[PDB]
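Peer 1: This is the structure I have questions about; it appears just below.
Values in this text are rule-based calculations from the coordinates and carry no lab data. Neighbour counts run over all protein chains shown; Cβ positions are idealised from the backbone, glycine included.
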Amino acid sequence: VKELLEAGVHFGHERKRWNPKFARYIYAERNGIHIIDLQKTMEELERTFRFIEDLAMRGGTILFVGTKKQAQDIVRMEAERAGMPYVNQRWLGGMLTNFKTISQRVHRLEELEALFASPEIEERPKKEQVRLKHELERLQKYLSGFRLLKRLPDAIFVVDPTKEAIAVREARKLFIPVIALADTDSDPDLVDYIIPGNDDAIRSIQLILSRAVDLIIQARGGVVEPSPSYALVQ
Amino acid sequence: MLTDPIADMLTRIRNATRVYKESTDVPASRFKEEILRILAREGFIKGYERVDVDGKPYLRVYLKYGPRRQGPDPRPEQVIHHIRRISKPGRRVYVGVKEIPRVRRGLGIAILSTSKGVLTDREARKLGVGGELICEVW
RNA sequence: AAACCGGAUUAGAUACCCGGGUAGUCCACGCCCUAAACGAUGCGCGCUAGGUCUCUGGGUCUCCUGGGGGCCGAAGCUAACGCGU
RNA sequence: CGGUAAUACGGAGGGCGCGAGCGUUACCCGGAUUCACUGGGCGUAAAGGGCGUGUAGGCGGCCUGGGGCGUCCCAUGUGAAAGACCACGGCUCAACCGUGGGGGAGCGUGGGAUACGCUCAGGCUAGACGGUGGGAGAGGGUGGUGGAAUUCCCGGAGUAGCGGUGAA
Ligand SMILES: [Mg+2]
Ligand SMILES: [Mg+2]
């Protein structure tokens, strides 16, 4: 189910904060706003999903990023709802590019997995039960979706690339294909497979980002429900 | 007044390609056309056609690029890397056939105007005539 | 208010501060022709994303479209600082 | 470089380089795209004229026709020898020399081309100028006039200081 499902509540977004490189994917300045030509949305979807498919059934790992305010959660849903890695709270200087080092944080996160369930089940110089169980605190918060990922992904999926630029940069540096949902905010030129959409409305992120995860599990057989995601959707 | 029309064209073209435009008008002249023909034939432009704008004769020039590109900065290679005026109203430049230049060991062109018409350098060399050395292009 | 005449200050003070004061500052006419006379950026024309503030025209007056003044800054340029319809 | 540990001075051992030579000085080109034609620059490095007006000059939109000056092409004459370059030769080699061959711009003559530049003749309206109608402006010149303030002068009322400074 696609087509008018998109016009559902998810077409055009921002106005007069545009990138004129995005002028190709626009329908009009109707009532002050940029409303985004959907025929070409759909157009780009086929090519993009086509890439996802092939990538997925060839057994690839996509890396999902959405640190954005109201995308935050509907990421770690569909990301985990497909066993793919995700970056949720904040992108870090050189997850990809400084990958080896940023990994020793995960290498050392699960050292503390294995100190919870431990012979030190309740022991070690008692003020070290915040000193270390608050190290695992931060480690937890950030590397929760990143922890799976043990070689660079074969792709990345991004919700707002002008928001998420520090990532996309690393991607392109590393020849890693950039998949993203992008609106009039953004610079198409450096998004390899674009979902000309709406970086913002939670429904729009949902419709799109879930289907893409359908396609992913569905390209290893075993489709499920209407997705464990409708947040407080409101 | 616009003092070197042919400079103009080369420049319009140089300019439009570095922002990867699909096309550029240039106000039309028979001579301009003759140069375009070469560009087209030598495979530098897709092609060109006459058109009007505000009802005055122009020449739409359809430009041509490489494929989308590797890593950070996906900008296509240029097909027209270099397009430069040689002869100019300030200083006219003429060559005998024995002294027509060879552009980038042949991987490039030099449009050049003769009394046997406008020609690439190999063209001119073959018909053993020289003339006004218009521009190089590689 | 240069100069200059005094009062302070100071190691001294041909200065800074204070009290006076002529040329000059003003006008007309005739000279002089200089400057950090600066955007330290000669003049004209064509081409090359945009955003926002502003002065002044026109339109079918959300806006669109000329001509000035600004800032941010595509592409690009620059030793850098910056420049950037 | 040298101020008491000098691979930099002087000497010595050793070493590098060239060799009937080796160094020095002078002068020329080079590198020096450091006068930049090839091949440079001028916001802050040196460099935009204080600004205009416009003389000579330089440069000149689109179309068509003539001419063929520039420009291009073919032929031809000229470009002595030496030298240069290539060959093969003579002095035992080489230097030196002989013989032969091949370059060659520039200019003259004859013939040809006409795209671009030039020129003559026609044509267009995209540059420029003009017309009608509207606008904003501390743009300039001349005359006139307004209020605030300072200074002096005259009158009133009024008493012992005012002024000025970091303090005086
Ligand atoms: Mg220089
Ligand atoms: Mg200077």
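Peer 1: Based on a Kirkwood Rh over C-alpha pairs, give the Stokes-Einstein translational diffusion coefficient of the protein assembly as shown at 25 °C and viscosity 0.890 mPa s in µm²/s.
Peer 2: Answer, rounded: 98 µm²/s.
Peer 1: Between A:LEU132, A:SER118, A:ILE102, whose Cα lies farthest towards the positive end of the dipole of the stretch A:92-147 when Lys and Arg beta carbons carry +1 and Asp and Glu beta carbons carry -1, centred on the Cα centre?
Peer 2: The listed residue farthest towards the positive side: A:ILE102.
Peer 1: How high is the FRET efficiency between A:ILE217 and A:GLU110 when r is their beta carbon distance and R₀ equals 30 Å, given to the nearest 0.05?
Peer 2: 0.70
Peer 1: For chain A, with only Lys/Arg (+1) and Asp/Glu (-1) charged at the beta-carbon, what is the dipole magnitude about the Cα centre, in debye rounded to 20?
Peer 2: 660 debye
Peer 1: Let me ask something additional. For a protection proxy built on the mean count of beta-carbon atoms within 10 angstrom, sort A:194-202, B:71-79 highest first, please.
Peer 2: A:194-202, B:71-79
Peer 1: Next question, about the same structure. As an exercise, take the mean of 1/r over every pair of distinct alpha carbons in the stretch A:116-234, invert it, and state the Kirkwood radius in angstroms.
Peer 2: It works out to 17.5 Å.
Peer 1: Let me ask something else. If you take the charge dipole of the stretch A:124-212 about its Cα centre, with +1 on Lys and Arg Cβ and -1 on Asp and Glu Cβ, which of A:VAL159, A:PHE146, A:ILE205 is farthest toward its positive end?
Peer 2: Farthest along the dipole direction, towards plus: A:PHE146.
Peer 1: Ok, one more. Can you give me the relative contact order of chain A as a percent, contacts being Cα pairs under 8 Å and 6 or more apart?
Peer 2: This gives 30 percent for chain A.
Peer 1: Restrict the search to the stretch A:110-201; then list the GluC sites (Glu not before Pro) that DSSP places in a loop and that have at most 16 other Cβ atoms within 10 Å of their Cβ.
Peer 2: Listed in order of number, the matching sites are A:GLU120, A:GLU122, A:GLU123.
Peer 1: Given a cut-off of 21 Å, name the pairs among B:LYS32/B:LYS116; A:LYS150/A:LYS173; A:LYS173/B:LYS21; A:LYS100/A:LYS127; B:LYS98/B:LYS126 whose C-alpha atoms lie farther apart than that in the structure shown.
Peer 2: A:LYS173/B:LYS21; A:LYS100/A:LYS127
Peer 1: From the residues A:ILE35, B:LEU2, A:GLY8, which one has its Cα farthest along the dipole of the protein assembly as shown in the positive direction, the dipole being from +1 and -1 charges on Cβ of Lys/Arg and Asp/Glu about the Cα centre?
Peer 2: B:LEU2
Peer 1: Of the chymotrypsin sites (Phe, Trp or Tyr not before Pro) in the stretch B:19-49, which ones lie in a loop per DSSP and count no more than 14 other C-beta atoms within 10 Å?
Peer 2: Passing sites in the stretch B:19-49 are B:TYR20.
Peer 1: Using only Cα atoms, locate the centre of the stretch A:82-138 and the centre of the stretch A:197-218, then give the distance between them in Å, rounded to an integer.
Peer 2: 30 Å
Peer 1: If I take all pairs of Cα atoms in the stretch A:17-60, what percentage of them are more than 17 Å from each other?
Peer 2: Details: 466 of 946 pairs.
Every Cα pair in the stretch A:17-60 considered, those over 17 Å come to 49 percent.
Peer 1: While we're on this one: For the pair A:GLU120/B:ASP54, report the inter-label distance in nm, with labels modelled 7 Å from Cα in the Cβ direction.
Peer 2: Output for this residue pair reads 8.0 nm.
Peer 1: In 5 Å bins starting at zero, report the fraction of Cα pairs in the stretch B:3-80 per bin as a rounded %.
Peer 2: Once binned at 5 Å, the Cα pair distances of the stretch B:3-80 give 3, 15, 26, 24, 15, 8, 5, 3, 1.
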